[PDB]
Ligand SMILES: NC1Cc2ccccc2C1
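Next up: just one chain, as structure tokens, the form solved without the named molecule.
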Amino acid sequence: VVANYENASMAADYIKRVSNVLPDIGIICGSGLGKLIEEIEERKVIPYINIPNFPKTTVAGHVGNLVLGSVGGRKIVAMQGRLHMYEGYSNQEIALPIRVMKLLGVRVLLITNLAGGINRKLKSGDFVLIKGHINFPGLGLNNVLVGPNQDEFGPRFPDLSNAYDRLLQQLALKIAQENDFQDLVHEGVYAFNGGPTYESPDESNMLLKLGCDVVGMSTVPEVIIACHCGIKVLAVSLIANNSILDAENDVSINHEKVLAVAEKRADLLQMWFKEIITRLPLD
């Protein structure tokens, strides 16, 4: 299924009928960081498998629902069960849900992820407001937009200079200051490693030399599809570990350790993003 105007429209038509929610904000949550979705009010849970033209996710298994409802007085749509490119999903499969969000009315997409810290200032449990990226798949002919352009959504050659909205980064930082956790909050450049192997020690050392502050396996594809169709983005990485320090100390990177950091910060991140949602401009 191509992520075109007709196919995205058919999915949005189904969702509009079944949900009766017109969302202004979209959310995609990192692993272990999805509990805000469980707290959506007046919520409507729509399995991906029920939505016309949504990507098939049964090979990977696990949860796959679109959840619509109200958070902090705003109407939102959430992806419960993120699609990651290391699973083998195509460019079309990644793009269609974001384009459906656009047709549903989403103007702002909020994204969280778990990432490795490269910059020396970053400790496990820190947050990084993403201000730019290095898209290794994109440089390497695996950009999420490779393929025919879908003109109804955006231009053939998008500029990414404003992919990460500055005002949204400023609002996120302001809320952290108001709640006295700004000492945890940094800003930085995200390197997209296609994955699914963690960054090797020597890849981490290369990323250090190349300016990269954090590395992870997601986010950049969704950012690009959103930017292409005019959706503003705030993307926040939770630092699971400092990969440069771990390489210096012969310490392994491990998904169980990553998820334990997610559990440690999950409630703070939920509170933060709920307040961001309530504070977003009405326009």
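From 1 onward, residues are counted along the sequence shown.
Form deposited with the named molecule bound: not shown, discussed below.
The binding site of this unliganded chain is open: after the named molecule is superimposed from its pose in the deposited complex, not a single one of its atoms comes within 2.4 Å of the backbone or a C-beta atom. The stretch from 178-186, 99-107, 144-152, 71-79 that comes within 4.5 Å of the named molecule in the deposited complex, counting heavy atoms only, is 178-186. Contact annotation: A260 falls outside 4.5 Å of the named molecule in the deposited complex, judged by heavy atom distances. The named molecule in the deposited complex is approached by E275, whose closest heavy atom lies within 4.5 angstroms of it. Contact check for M10: no non-hydrogen atom falls within 4.5 Å of the named molecule in the deposited complex. Residue contact with the named molecule in the deposited complex: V18 places no heavy atom within 4.5 Å of it. If you take 249-272 and check each residue for a heavy atom within 4.5 Å of the named molecule in the deposited complex, you get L268, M271, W272, in sequence order.
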